[PDB]
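Report on the following structure.
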């Protein structure tokens, strides 16, 4: 007699989205759905600098105007979710006996759990990379105490 | 420098961008900038 | 705490490429942010400043 | 001579920078010819072989 | 030319179909059709 | 209540697209279960060898997990 053996599965997960945290206050999020195709980003500012007409004869700054640009930072995140072929080959067929109905719904729960963990891994990786982007462009406090 | 001097529909925002700017840009906070003073402060020809 | 919750956007901003952007993406390989605003501020009302 | 005159065109087939082209003229410095035909190729039913 | 480069053979009466459904099977009106059908099979795959 | 950076449906259909095909069973038990397997085999060879879109689709669909030699 071949006994089927059931083992208890758990999903110790906290469903966190990037719009659920307060970190998204710092970031205006757009979903450019083709960012693998972008080679580079660009954004230009054209600051016109006004001056002060002065009574004393000084060398007058004739309409200074800065044109600065800002290149985008493009970095990808990659999770590596595994999936065994043993509970994958039974996903193609249909059950007709209750042992096949047991192992098929076990395979379905396995691929659905490991599939939604990859999404959660990408969300946590998204929040991690946003936080480290905010860390990388961050001077310490004792510098901006005087430079600001 | 990668700055394009082309004319543009420059969207006008209201934030005080030039808060201590010239002493910042002369020291080179920006990776690539261009200062246009006087006759070069115009729109370029197409 | 002075407050317990803050309002905010429920979904990400949608910026997909339109037909004009795709043509500029196919031929020259250069996409602008808002092609309708560039058309509105160059070839629809250029003298109307912003 | 089998003929003494030929039927040819009467004016130069002009082409000026129109509206849609002017955005790419100003922002990129890259104008194509017959932009509308490119829109007809890769936006309006691009599944049609030429 | 005894005829103006025209021959009218009844040989090309049965190979008007057998040679045709091979060159029209890759004529981009069926390649897109077969690939859209396979895309429909792909969309039919996970919903079960 | 809110929207994630990934939709589950797109990742689901991408995994369903990049899935390997199932290995071909061949029931030697019943002839009614045998004729369907041999019909699947001849249809597989037909759509894998005929000059159409089916051949290049199945050729891209194939993955090459080779077993090692044993002493």
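Chains as they are written, first to last, in UniProt numbering: chain W, 51 to 198; chain B, 5 to 50; chain C, 297 to 346; chain D, 297 to 346; chain F, 297 to 344; chain Y, 2 to 65, 85 to 91. Ideal placement from N, C-alpha and C gives every residue a C-beta, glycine not left out.
Status (buried if at least 16 other CB within 10 Å, exposed otherwise) for residue i
i: residue 308/C; result: buried
i: residue 28/Y; result: exposed
i: residue 26/Y; result: exposed
i: residue 54/Y; result: buried
i: residue 90/Y; result: exposed
i: residue 317/D; result: buried
i: residue 68/W; result: buried
i: residue 111/W; result: exposed
i: residue 5/Y; result: buried
i: residue 198/W; result: exposed
i: residue 321/D; result: buried
i: residue 3/Y; result: exposed
i: residue 66/W; result: exposed
i: residue 118/W; result: buried
Sub-8 Å separation of residue i and residue j beta-carbons
i: residue 166/W; j: residue 37/Y; result: no
i: residue 343/D; j: residue 328/F; result: yes
i: residue 8/B; j: residue 36/B; result: no
i: residue 46/B; j: residue 325/D; result: no
i: residue 315/C; j: residue 74/W; result: no
i: residue 33/B; j: residue 116/W; result: no
i: residue 319/C; j: residue 302/D; result: no
i: residue 161/W; j: residue 133/W; result: yes
i: residue 153/W; j: residue 144/W; result: no
i: residue 99/W; j: residue 26/B; result: yes
i: residue 194/W; j: residue 7/Y; result: no
i: residue 70/W; j: residue 310/C; result: no
i: residue 121/W; j: residue 84/W; result: no
i: residue 21/Y; j: residue 64/Y; result: yes
i: residue 95/W; j: residue 15/B; result: no
i: residue 109/W; j: residue 41/B; result: no
Selected residue, minimal CA-CA separation from residue i, among the options
i: residue 57/W; options: 179/W, 81/W and 159/W; result: 159/W
i: residue 128/W; options: 90/W, 176/W, 198/W and 116/W; result: 176/W
i: residue 54/W; options: 156/W, 169/W, 178/W and 195/W; result: 156/W
i: residue 312/D; options: 306/D, 297/D and 330/D; result: 330/D
i: residue 341/F; options: 16/Y, 56/Y and 24/Y; result: 16/Y
i: residue 77/W; options: 181/W, 107/W and 191/W; result: 181/W
i: residue 60/Y; options: 45/Y, 87/Y, 30/Y and 86/Y; result: 45/Y
i: residue 323/F; options: 345/D, 333/D, 322/D and 323/D; result: 345/D
i: residue 163/W; options: 191/W, 131/W, 79/W and 186/W; result: 131/W
i: residue 187/W; options: 123/W, 59/W, 174/W and 138/W; result: 123/W
i: residue 52/W; options: 149/W, 190/W, 118/W and 192/W; result: 149/W
i: residue 136/W; options: 13/Y, 19/Y and 23/Y; result: 23/Y
i: residue 178/W; options: 60/W, 106/W, 196/W and 126/W; result: 126/W
i: residue 18/B; options: 105/W, 88/W and 97/W; result: 97/W
i: residue 18/Y; options: 58/Y, 42/Y and 33/Y; result: 58/Y
Neighbour list for residue i in chain W, Cβ cutoff strictly below 9 Å
i: residue 19/B; result: Here the premise fails: no neighbours, minimum Cβ distance about 10 Å.
i: residue 308/C; result: 68, 69, 79, 80 and 81
Contact list for residue i against chain D, beta-carbon separation under 7 Å
i: residue 376/C; result: In the structure as shown, chain C starts at 297 and stops at 346, and residue 376/C therefore has no counterpart that could be examined.
Beta bridge counterpart(s) of residue i as assigned by DSSP
i: residue 41/B; result: 114/W
i: residue 96/W; result: 117/W
i: residue 309/C; result: 80/W
Neighbour list for residue i in chain W, Cβ cutoff strictly below 7 Å
i: residue 33/Y; result: Going along chain W, no residue has its Cβ under 7 Å from residue 33/Y, so there is no contact; the nearest lies around 15 Å.
i: residue 305/C; result: 69
Contact test: residue i Cβ vs the ligand PLP heavy atom, cutoff 7 Å
i: residue 191/W; result: The model depicted lacks the ligand PLP and carries no ligand whatsoever.
Neighbouring residues, chain F, relative to residue i (Cβ below 7 Å)
i: residue 18/Y; result: 338
Neighbour list for residue i in chain F, Cβ cutoff strictly below 9 Å
i: residue 4/Y; result: Ordered by position in chain F, no residue passes the 9 Å Cβ test against residue 4/Y, which lies about 21 Å from the chain.
Cross-chain neighbours of residue i in chain Y, by beta carbon under 8 Å
i: residue 331/F; result: 54 and 58
Chain-ordered chain B contacts of residue i [CB-CB under 7 Å]
i: residue 334/C; result: 13
Per-residue contacts from residue i into chain Y (C-beta, under 7 Å)
i: residue 327/F; result: 54
Contacts of residue i in chain W (Cβ-Cβ under 8 Å)
i: residue 71/Y; result: There are no coordinates for residue 71/Y in this structure, because the numbering of chain Y runs from 65 directly to 85.
i: residue 24/Y; result: 139
i: residue 42/B; result: 112 and 113
i: residue 9/Y; result: 165, 166 and 169
Amino acids of chain D, ordered along the chain, whose beta-carbon sits closer than 9 Å to that of residue i
i: residue 343/C; result: Within 9 Å Cβ-Cβ: nothing; residue 343/C doesn't reach chain D, min ~15 Å.
Beta-carbon neighbours of residue i, restricted to chain B and to distances below 9 Å
i: residue 346/C; result: 13, 14, 15 and 16
i: residue 192/W; result: Going along chain B, no residue has its Cβ under 9 Å from residue 192/W, so there is no contact; the nearest lies around 18 Å.
Chain-ordered neighbours of residue i on chain C, where CB pairs are closer than 8 Å
i: residue 316/D; result: 316, 335 and 339
Proximal residues of chain D, C-beta to C-beta of residue i below 8 Å
i: residue 46/B; result: Near residue 46/B there are no residues of chain D at all, since even the closest Cβ is about 14 Å away, more than 8 Å.
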